[PDB]
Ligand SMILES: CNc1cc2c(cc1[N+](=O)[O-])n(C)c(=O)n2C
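Encoded as structure tokens, the following chain is the form deposited without the named molecule, with no partner shown.
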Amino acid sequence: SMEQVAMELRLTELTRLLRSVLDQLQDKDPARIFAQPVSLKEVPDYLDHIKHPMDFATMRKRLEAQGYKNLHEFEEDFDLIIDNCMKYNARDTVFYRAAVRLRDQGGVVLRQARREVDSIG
């Protein structure tokens, strides 16, 4: 149907906008702390601590399959990256502090992304 095509075009355009958001958020992580999944070979206890691991590569895979239907879903995965790190790692660590800085800087980007998603529809 043409209605199904139009819905698919909207999902494609959302995907384009979320790719630009993803790039901008990841630039706020120049150390690349959040680039890849935590390795269970290197942190064998991780899944005892963290039940839903998340990282920028995993989000990019989901994005390229057009797997985010709305901005809320994408924000959920970004918040997991930050929140997981702030639980596993202590306050005094470079990991925790990187997460705080990513959250603070990413807030700016996401605030305008929301306006754009609502505005364009």
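We number the residues from 1 along the sequence you see.
Form solved in complex with the named molecule: not shown, discussed below.
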| query | finding |
| --- | --- |
| Complete contact of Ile33, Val38 and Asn89 with the named molecule in the deposited complex (any heavy atom, 4.5 Å) | yes |
| is_contact(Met59, the named molecule) in the deposited complex, heavy atom dist at most 4.5 Å | no |
| Distance check, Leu63 to the named molecule in the deposited complex, heavy atom within 4.5 Å | no |
| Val43: touches the named molecule in the deposited complex, heavy atom cutoff 4.5 angstroms | yes |
